[PDB]
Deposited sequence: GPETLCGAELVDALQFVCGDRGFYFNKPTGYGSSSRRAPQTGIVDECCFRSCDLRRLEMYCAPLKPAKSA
C-alpha cells in the first residue's frame, strides 16, 4: 500500500513535473540534525498525495 524505490521516483516525477523533487525534508538552522524525508513518510509508511507533493522543489519563476 506504499511507495518505494522506483515507484516512489515515478510518483514524484509525475506529481512534481517540471519543478523536480528532493528526498530530505528541510530542517531549521541550528536545529536538530538523523535525517528523515519521504522514504520514512511514504515508503516505510503510507502517505497521501498532499504529503508527497511537499517534496516537490519550489516553482520556478
Counting from 1 along the deposited sequence, give me every gap where there's no C-alpha, start to finish.
1-2, 36-38, 67-70
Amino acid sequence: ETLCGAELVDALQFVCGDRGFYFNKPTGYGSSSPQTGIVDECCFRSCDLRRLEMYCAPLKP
From here on, numbers count along this sequence of modelled residues.
Counting only other entries that model residues on either side of residue 33, is it left out in at least a third?
yes
Can you tell me which third, lowest, middle or highest, the CA B-factor of residue 28 falls into for its chain?
lowest
Residue 10: C-alpha B-factor third of its chain, per the entry, is the lowest
Could you say whether, by C-alpha temperature factor, residue 4 belongs to the lowest, middle or highest third of its chain?
lowest
Divide the modelled residues of the chain into thirds by Cα B-factor and specify which third, lowest, middle or highest, holds residue 38.
middle
